[PDB]
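One chain comes next, on its own, written out as structure tokens in the form deposited without the partner chain.
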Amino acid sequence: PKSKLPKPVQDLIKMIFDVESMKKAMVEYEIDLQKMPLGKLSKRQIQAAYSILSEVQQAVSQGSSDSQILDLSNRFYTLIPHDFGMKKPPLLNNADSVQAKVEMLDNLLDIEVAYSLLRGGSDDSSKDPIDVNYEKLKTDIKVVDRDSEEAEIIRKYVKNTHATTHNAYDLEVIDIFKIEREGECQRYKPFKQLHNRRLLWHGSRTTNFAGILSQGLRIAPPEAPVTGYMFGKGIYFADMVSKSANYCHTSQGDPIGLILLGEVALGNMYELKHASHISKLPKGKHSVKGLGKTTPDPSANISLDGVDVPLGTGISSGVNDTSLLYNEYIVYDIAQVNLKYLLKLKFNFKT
């Protein structure tokens, strides 16, 4: 059975549902596949790990000793078995180590969604599994003509917003997809006319895109420690392609990555220079903007389908004493995002 989908779409489907890629991500995080196989992942186990990780975070920040931290750290390694043989696991005694485990759980959530999609549903050998797996995304995916104005605008956005501090690689756009998740347009209606709507980047491991397409971008679950995210539990975006592209976690051994373009209803922005692990926005605020030292040239903004595209070259923002080299944007209501495009990127590493 041969699928009728365009070849770029078929290859995309194979990328996101690649089971061996899910295993490789788990191994990359040091998880013990024998004790925690991909098929044994569950959301409740992940949430329990989140909760334990919160206790470690509270102990770490409140200034505890390694003896007091030891029991809390060991508890986390019980819920998520790691591959350390018969040696004691590394102690989670500092905020950086705890942060790494927060990031691991974030990725396990999307992997569990992807595998759950593959192992659910029906099996029909008369259909092409590419077609079967495509239908599980509840997302309409179309290839954008390379000569369309959409493509030129998107390519210029990629070409102009690569940061100098991310010059270990440059980006080649292979395929541009126009994506429409079922029900997302309806969910976006209260914000579709809001001011300060921008087209922003969101990169992520390829293993997270089956979950992102079928369920959309989500906020971290209630069990996740809010102190594990620089601006709290929201959905994070960038206006520099390279800043988002770094979160694809590509390498010489895997140079193909995926990145999202989404219309984000920012509205009135809460502008911050340093970490603020907030639960809600102040009254009247719709989003947070981490103020970067560098910003795309404001005068170079253009309009695509009524949405501002900040594709200008990077220049100084005039903001002093900030923790961020480049901007980032956070919304705390999943309804404020309307995904528009998905790009397949080739990373040419210059190292």
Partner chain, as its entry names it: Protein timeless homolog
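If you superpose the two forms and keep the largest set of C-alpha atoms that fall within 1.5 Å, you have the rigid core. Positions refer to the first chain, counted from 1.
This next part talks about the form deposited with the partner chain bound, which is not shown.
- Comment: the partner chain is not present in this chain, but in the bound PDB entry one of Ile334, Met15, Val19, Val9 has a heavy atom within 4.5 Å of it, namely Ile334.
- Checked against the partner chain in the bound PDB entry, the candidates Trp201, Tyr115, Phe191, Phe209 yield a single residue with a heavy atom inside 4.5 Å, and that residue is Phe191.
- Shown here without its partner, the chain carries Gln186, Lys280 and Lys283, all of which come within 4.5 Å of the partner chain in the bound PDB entry through at least one heavy atom.
- The partner chain in the bound PDB entry comes within 4.5 Å of a heavy atom belonging to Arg218.
- A residue is said to contact a partner when one of its heavy atoms sits within 4.5 Å of a partner heavy atom; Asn268 meets this definition for the partner chain in the bound PDB entry.
- Heavy atoms within 4.5 Å of the partner chain in the bound PDB entry are found in one stretch of 256-264, 125-133, 191-199, 148-156, which is 191-199.
- Among the candidates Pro282, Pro298, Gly306, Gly39, the CA atom that moves 2 angstroms or more between the shown form and the other one after core superposition belongs to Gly306 alone.
- Relative to the superposed rigid core, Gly253 undergoes a CA displacement smaller than 2 Å between the shown form and the other one.
- Once the cores line up, the CA of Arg146 ends up less than 2 angstroms apart between the shown form and the other one.
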